[PDB]
Structure formats: structure tokens, C-alpha cells
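Undergrad: Next comes work-v9.txt, compact mmCIF, C-alpha atoms (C1' of nucleotides):
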```txt
# COMPACT_ATOMS: atom_id res chain seq x y z
CA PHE D 1 4.11 -35.17 22.03
CA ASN D 2 2.99 -32.44 24.42
CA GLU D 3 0.31 -30.35 22.62
CA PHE D 4 1.18 -27.03 24.26
CA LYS D 5 -2.07 -25.46 25.40
CA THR D 6 -2.60 -21.78 24.58
CA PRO D 7 -5.32 -19.66 26.24
CA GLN D 8 -7.74 -17.71 24.06
CA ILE D 9 -7.85 -13.93 24.52
CA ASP D 10 -7.97 -12.22 21.11
CA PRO D 11 -6.61 -13.20 17.66
CA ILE D 12 -3.93 -10.50 17.83
CA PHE D 13 -2.30 -11.12 21.20
CA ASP D 14 -3.00 -14.86 20.92
CA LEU D 15 -1.18 -14.99 17.59
CA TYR D 16 1.64 -13.04 19.25
CA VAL D 17 2.02 -15.61 22.04
CA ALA D 18 1.77 -18.34 19.40
CA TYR D 19 4.65 -16.66 17.56
CA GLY D 20 6.58 -16.61 20.84
CA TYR D 21 5.88 -20.32 21.36
CA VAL D 22 6.94 -21.28 17.84
CA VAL D 23 10.09 -19.14 17.91
CA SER D 24 11.09 -20.59 21.29
CA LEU D 25 10.56 -24.11 19.94
CA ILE D 26 12.43 -23.56 16.66
CA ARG D 27 15.23 -22.07 18.77
CA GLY D 28 17.09 -25.14 20.04
CA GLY D 29 15.76 -27.72 17.58
CA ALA D 30 12.24 -29.18 17.76
CA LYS D 31 12.25 -31.10 14.49
CA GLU D 32 9.12 -32.72 13.03
CA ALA D 33 6.89 -29.99 14.49
CA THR D 34 3.94 -28.12 13.02
CA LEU D 35 1.61 -25.20 13.74
CA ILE D 36 -2.12 -25.94 13.63
CA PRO D 37 -4.25 -22.77 13.36
CA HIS D 38 -7.66 -23.08 15.04
CA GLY D 39 -9.00 -19.61 14.31
CA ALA D 40 -7.67 -18.28 17.61
CA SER D 41 -6.09 -21.21 19.49
CA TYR D 42 -3.04 -21.48 17.19
CA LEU D 43 -1.72 -24.67 18.74
CA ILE D 44 1.66 -26.35 18.26
CA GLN D 45 2.48 -30.03 17.67
CA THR D 46 6.00 -30.92 18.83
CA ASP D 47 7.55 -34.05 20.36
CA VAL D 48 9.24 -32.58 23.44
CA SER D 49 8.04 -31.85 26.99
CA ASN D 50 10.36 -29.09 28.24
CA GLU D 51 14.07 -28.93 27.54
CA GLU D 52 14.66 -27.11 24.28
CA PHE D 53 11.74 -24.75 24.87
CA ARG D 54 13.61 -23.44 27.92
CA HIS D 55 16.88 -23.40 25.96
CA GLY D 56 15.41 -21.41 23.08
CA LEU D 57 13.51 -19.07 25.39
CA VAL D 58 16.59 -18.22 27.44
CA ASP D 59 18.66 -17.74 24.28
CA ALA D 60 16.02 -15.42 22.79
CA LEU D 61 15.72 -13.48 26.06
CA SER D 62 19.50 -13.07 26.26
CA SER D 63 19.44 -11.74 22.69
CA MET D 64 16.58 -9.43 23.73
CA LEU D 65 18.57 -7.95 26.62
CA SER D 66 21.68 -7.65 24.45
CA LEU D 67 19.75 -5.74 21.77
CA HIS D 68 18.16 -3.53 24.43
CA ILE D 69 21.58 -2.68 25.88
CA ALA D 70 23.10 -2.07 22.44
CA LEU D 71 20.25 0.22 21.39
CA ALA D 72 20.26 3.78 22.72
CA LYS D 73 15.96 5.88 32.90
CA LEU D 74 16.84 3.03 30.53
CA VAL D 75 15.28 4.23 27.27
CA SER D 76 16.76 2.72 24.10
CA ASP D 77 16.06 2.42 20.37
CA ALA D 78 14.89 -1.20 20.61
CA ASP D 79 11.71 -2.17 18.77
CA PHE D 80 10.27 -3.89 21.85
CA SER D 81 11.09 -0.85 24.02
CA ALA D 82 10.67 2.32 21.94
CA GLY D 83 10.81 1.36 18.25
CA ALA D 84 7.09 0.58 18.13
CA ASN D 85 5.89 1.46 21.62
CA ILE D 86 4.17 4.85 21.65
CA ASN D 87 4.13 5.45 25.43
CA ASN D 88 7.09 7.07 27.17
CA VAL D 89 6.20 5.06 30.28
CA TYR D 90 6.72 1.84 28.30
CA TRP D 91 10.30 2.96 27.60
CA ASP D 92 10.98 2.44 31.32
CA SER D 93 8.49 -0.36 32.03
CA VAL D 94 10.05 -2.68 29.43
CA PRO D 95 13.58 -2.60 30.96
CA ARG D 96 12.28 -3.41 34.44
CA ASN D 97 10.01 -6.16 33.10
CA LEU D 98 12.93 -7.75 31.24
CA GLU D 99 15.13 -7.43 34.33
CA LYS D 100 12.46 -9.14 36.44
CA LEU D 101 12.17 -11.89 33.82
CA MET D 102 15.95 -12.34 33.93
CA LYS D 103 15.93 -12.55 37.73
CA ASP D 104 13.01 -15.01 37.66
CA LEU D 105 13.45 -17.42 34.72
CA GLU D 106 17.14 -18.28 34.98
CA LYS D 107 17.45 -20.73 37.93
CA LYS D 108 14.84 -23.19 36.57
CA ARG D 109 11.81 -21.83 38.41
CA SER D 110 8.40 -20.61 37.30
CA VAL D 111 6.96 -17.09 37.42
CA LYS D 112 5.24 -15.64 40.48
CA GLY D 113 3.29 -12.62 39.22
CA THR D 114 1.57 -10.96 36.26
CA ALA D 115 1.84 -7.79 34.18
CA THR D 116 -0.20 -5.28 32.21
CA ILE D 117 -0.90 -5.54 28.47
CA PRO D 118 0.04 -2.71 26.07
CA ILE D 119 -1.69 -1.26 23.03
CA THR D 120 1.01 -2.45 20.61
CA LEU D 121 0.60 -6.10 21.59
CA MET D 122 -3.20 -5.76 21.76
CA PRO D 123 -5.06 -2.67 20.48
CA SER D 124 -7.96 -3.60 22.80
CA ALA D 125 -5.90 -2.87 25.94
CA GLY D 126 -6.64 0.01 28.29
CA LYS D 127 -6.67 0.86 31.97
CA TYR D 128 -10.27 2.11 31.73
CA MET D 129 -12.72 -0.72 31.03
CA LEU D 130 -16.45 -0.57 31.72
CA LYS D 131 -18.37 -3.47 33.26
CA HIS D 132 -21.97 -2.26 33.70
CA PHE D 133 -21.88 1.54 34.14
CA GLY D 134 -18.30 2.75 34.56
CA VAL D 135 -14.65 1.73 34.81
CA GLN D 136 -12.60 0.34 37.69
CA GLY D 137 -9.72 1.85 39.64
CA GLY D 138 -7.22 -0.51 38.02
CA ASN D 139 -7.08 -2.89 35.07
CA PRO D 140 -8.87 -6.27 35.29
CA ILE D 141 -7.03 -7.72 32.28
CA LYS D 142 -3.60 -9.13 33.13
CA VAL D 143 -1.05 -11.22 31.25
CA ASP D 144 1.23 -13.90 32.66
CA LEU D 145 4.93 -13.06 32.67
CA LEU D 146 5.83 -15.99 30.40
CA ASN D 147 2.98 -15.12 28.03
CA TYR D 148 3.99 -11.45 28.15
CA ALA D 149 7.60 -12.27 27.25
CA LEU D 150 6.53 -14.61 24.43
CA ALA D 151 4.20 -11.94 23.06
CA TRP D 152 7.05 -9.42 23.22
CA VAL D 153 9.48 -11.69 21.37
CA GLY D 154 6.86 -12.52 18.74
CA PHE D 155 6.05 -8.84 18.26
CA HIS D 156 9.68 -7.78 17.91
CA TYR D 157 10.84 -10.71 15.79
CA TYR D 158 7.86 -11.51 13.57
CA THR D 159 5.33 -8.72 12.95
CA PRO D 160 6.66 -5.73 10.97
CA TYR D 161 6.18 -2.07 11.81
CA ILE D 162 6.68 1.27 10.04
CA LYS D 163 7.60 4.35 12.09
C1' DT C 1 -52.55 18.35 -103.54
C1' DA C 2 -48.20 17.02 -99.50
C1' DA C 3 -46.02 17.95 -93.94
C1' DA C 4 -38.17 14.98 -93.54
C1' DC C 5 -36.51 10.54 -95.32
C1' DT C 6 -30.86 9.30 -92.66
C1' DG C 7 -25.87 8.21 -91.84
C1' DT C 8 -24.39 10.89 -87.19
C1' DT C 9 -24.81 12.25 -80.65
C1' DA C 10 -17.99 13.89 -80.94
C1' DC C 11 -13.38 11.37 -81.25
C1' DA C 12 -8.32 11.05 -79.10
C1' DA C 13 -4.36 12.57 -75.99
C1' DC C 14 -4.95 13.70 -70.60
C1' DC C 15 -7.59 13.33 -65.38
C1' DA C 16 -1.59 17.16 -61.49
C1' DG C 17 3.18 17.54 -62.35
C1' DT C 18 6.81 18.51 -57.93
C1' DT C 19 8.35 20.65 -53.20
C1' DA C 20 7.73 20.48 -48.37
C1' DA C 21 2.59 18.12 -44.15
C1' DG C 22 5.48 22.38 -38.79
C1' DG C 23 10.00 25.21 -37.68
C1' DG C 24 11.07 26.76 -33.25
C1' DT C 25 10.55 27.67 -28.03
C1' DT C 26 8.94 26.28 -23.57
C1' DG C 27 6.19 20.88 -20.51
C1' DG C 28 3.63 23.55 -13.59
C1' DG C 29 6.38 27.28 -11.47
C1' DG C 30 5.82 27.49 -5.80
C1' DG C 31 4.12 27.92 -1.35
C1' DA C 32 1.98 23.06 2.07
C1' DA C 33 1.03 17.80 2.29
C1' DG C 34 -3.58 19.17 9.47
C1' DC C 35 -3.72 22.74 12.23
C1' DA C 36 -6.07 20.71 18.75
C1' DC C 37 -9.43 19.01 20.88
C1' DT C 38 -9.44 13.72 23.09
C1' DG C 39 -2.47 10.80 26.99
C1' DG C 40 -1.36 5.64 29.49
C1' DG C 41 0.87 3.96 32.20
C1' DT C 42 2.63 3.59 37.84
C1' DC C 43 2.43 4.84 41.74
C1' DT C 44 0.46 7.11 46.47
```
Show this structure as C-alpha cells.
TA:
Amino acid sequence: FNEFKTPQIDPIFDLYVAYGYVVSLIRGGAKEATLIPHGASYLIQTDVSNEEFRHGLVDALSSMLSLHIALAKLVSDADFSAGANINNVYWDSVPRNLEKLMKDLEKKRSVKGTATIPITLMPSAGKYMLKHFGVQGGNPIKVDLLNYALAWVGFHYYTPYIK
DNA sequence: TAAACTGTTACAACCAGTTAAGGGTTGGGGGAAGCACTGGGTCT
């Protein structure tokens, strides 16, 4: 077994990245696996280290890009781009994020940077956050690229939305 | 000089007959179903 560790942020985005983990594992096999909910941890029990998790993730990401291209800068009708996203800036940030993910996680190498977190994935996300008196010039909260992609795939594939 | 004795207190028939107990006609029209105010990202 591997006991894939999942960081704790909030039981909305954390459940989204858990959905991404479980969908990536079920994509490509991963038999005799289970999901153990720990309030917010939402851990996975599977007997594999990393082969089929990569296979399922790349398959799901290829399907993501295909759906984005099929749907119509690079605004489309995709759920993960404009079907649920309320910001016009997201309609262009999602294509570039997916393109960067394609350029990064295809030659068997890890990620190198991070990304912002949107309202749809986590309602508690915003560029203005106070610490003691006021807010900063940027956003202290950041999400890893792999975690961001898994949250995106979980949001588009699992949670339902009404527009 | 006395102060109603007694059989009797209605019988019998019958105790609504029929007919219909709404007929019709319309069962919300017609408008609107939040107007703004608060914008979140990515860059210089």
C-alpha cells in the first residue's frame, strides 16, 4: 500500500482534491481500494505506488483538454472553464493553466510552481485577506499545480452545478 | 228527614301519496417574478 497523504485546507477544496485523487486512481485500475473519510483528510487506501495514478491522470487531463477544445482568447463552454466559473478572467486563466500542465506533466517530471485558488473550488478564496489590520498586495494562499488540476477534475466530473 | 250509586274516558282505518334535491354559464384575467450599490483576477 501507499496511503496517499492529503493536506488539510478546508472540507470543500480538500474533498475536491480527494475526488481528483480517487478519479485518477479508478482511471487505470486500482482494484481493492477504498476511501476513508477523516472529517477533512479524506484519505485513500490503494495497493500501488505510482504507475496507474499517472496513467489515469494523463488520460483524464487529455479528456479535459479535448472537452475544452470541443467546447466553444480561448474562452469555451466547458464546465471547468466557463460553465461554472463566474469570472471572465478565469475563462483565459484556465486554458493557460491547462497548457502549462500539459507542458509540465507529460515527460515524467514533477511540477515546478504554484497557482491561485478560485471561488468555485473554494468559496473562501480571495486576493484580499487580512492578517492583523489590513490585506496584502498579493494572495498568501496558493495551491500546488497537481492539487489544482485534481481539484479541477473533481469539480468538473463529480460535483453538480446549475446555471 | 237525605246530599249519586255505576258501567264508561272513545274505538278503528290512517300517520304523505308522488315528482324532481339545481339547470345553466363561467373557474384569475394580466402586467412582473429586483431594480444598484458592493468585481477578481493578472499584470506593471
Undergrad: Please determine the contact residues of chain D with respect to chain C at a cut-off of 9 Å, counting all atoms listed in the file, and supply them as a PDB file with C-alpha atoms, in the frame of the given file.
TA:
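What landed in part.pdb:
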```pdb
ATOM      1  CA  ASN D  87       4.130   5.450  25.430  1.00  0.00           C
ATOM      2  CA  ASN D  88       7.090   7.070  27.170  1.00  0.00           C
ATOM      3  CA  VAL D  89       6.200   5.060  30.280  1.00  0.00           C
ATOM      4  CA  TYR D  90       6.720   1.840  28.300  1.00  0.00           C
ATOM      5  CA  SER D  93       8.490  -0.360  32.030  1.00  0.00           C
ATOM      6  CA  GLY D 126      -6.640   0.010  28.290  1.00  0.00           C
ATOM      7  CA  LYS D 127      -6.670   0.860  31.970  1.00  0.00           C
TER       8      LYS D 127
END
```
Undergrad: Which value, in Å to one decimal, gives the distance between atom CA of residue 86 of chain D and atom CA of residue 17 of chain D?
TA: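 So the two atoms, atom CA of residue 86 of chain D and atom CA of residue 17 of chain D, lie 20.6 Å apart.
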Undergrad: Calculate how many Å separate atom CA of residue 97 of chain D from atom CA of residue 3 of chain D, rounding to one decimal.
TA: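 Atom-to-atom, atom CA of residue 97 of chain D to atom CA of residue 3 of chain D, that is 28.1 Å.
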Undergrad: Can you pull out the residues contacting segment 153-159 of chain D? Cut-off 7 Å, using all atoms listed in the file, and skip same-chain residues under 3 positions away; I want them as a list in words.
TA: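 So, after excluding close chain neighbours, the residues are residues 16, 17, 19, 20, 79, 80, 121, 149 and 150 of chain D.
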Undergrad: Any idea what's packed within 9 Å of residue 124 of chain D, counting all atoms listed in the file, ignoring anything in its chain fewer than 4 positions away? Could you give it as a ChimeraX atom specification?
TA: /D:10,118-119
Undergrad: To one decimal place in Å, what is the distance between atom CA of residue 145 of chain D and atom CA of residue 34 of chain D?
TA: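 Atom-to-atom, atom CA of residue 145 of chain D and atom CA of residue 34 of chain D are spaced 24.8 Å apart.
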Undergrad: Excluding residue 117 of chain D and any residue of its chain fewer than 2 positions from it, enumerate the residues within 9 Å of it, using only C-alpha atoms (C1' of nucleotides), and give them as a PyMOL selection string.
TA: chain D and resi 115+119-122+125-126+141-143+148
Undergrad: Just write the chosen residues, C-alpha atoms, as a PDB file, in the coordinates of the input.
TA:
```pdb
ATOM      1  CA  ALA D 115       1.840  -7.790  34.180  1.00  0.00           C
ATOM      2  CA  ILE D 119      -1.690  -1.260  23.030  1.00  0.00           C
ATOM      3  CA  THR D 120       1.010  -2.450  20.610  1.00  0.00           C
ATOM      4  CA  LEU D 121       0.600  -6.100  21.590  1.00  0.00           C
ATOM      5  CA  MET D 122      -3.200  -5.760  21.760  1.00  0.00           C
ATOM      6  CA  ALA D 125      -5.900  -2.870  25.940  1.00  0.00           C
ATOM      7  CA  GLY D 126      -6.640   0.010  28.290  1.00  0.00           C
ATOM      8  CA  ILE D 141      -7.030  -7.720  32.280  1.00  0.00           C
ATOM      9  CA  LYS D 142      -3.600  -9.130  33.130  1.00  0.00           C
ATOM     10  CA  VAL D 143      -1.050 -11.220  31.250  1.00  0.00           C
ATOM     11  CA  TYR D 148       3.990 -11.450  28.150  1.00  0.00           C
TER      12      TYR D 148
END
```
Undergrad: List the neighbours of residue 25 of chain D out to 10 Å using only C-alpha atoms (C1' of nucleotides); skip same-chain residues closer than 2 positions along the sequence, and give me the result as a list in words.
TA: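 Near residue 25 of chain D, the qualifying residues are residues 19, 20, 21, 22, 23, 27, 28, 29, 30, 31, 33, 44, 46, 48, 50, 51, 52, 53, 54, 55, 56 and 57 of chain D.
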